[PDB]
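Inspection log for the structure reproduced underneath, given as C-alpha cells.
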Amino acid sequence: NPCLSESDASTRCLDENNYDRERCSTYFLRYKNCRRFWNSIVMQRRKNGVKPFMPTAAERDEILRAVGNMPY
C-alpha cells in the first residue's frame, strides 16, 4: 500500500531538481517505512482472519492516534 504524502512531495522535489531521485532518496525511505508499518497492522489484524485487513479511514485515524507520531 503506497504513501501518497511522500509520493507527492518526492515528485515535487524531483520536478524542482534534475529528477534527482537519489538526492531525494529519504522520501522513498519514509515511503518504505510507511509500507512496512501498514503491512505490520495488516499482519496484526490477519491473526483473526475475519475483517478487511488493510485499515479503513477511521482505523488509520485511531491507529495514528495510538502511535502518537507519523510512522513515516
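Following Swiss-Prot, chain A shows residues 14-85, kept in their order.
Structure determined by solution NMR.
The backbone N, Cα and C atoms fix where each Cβ goes, and this holds for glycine too.
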### Query
For which of the residue intervals 37-47, 48-58 does Swiss-Prot record motif 'Cx9C motif 2'?
37-47
### Task
Do me a favour and check the Cα-Cα span between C26 (disulfide bond) and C16 (disulfide bond); whole Å is fine.
16
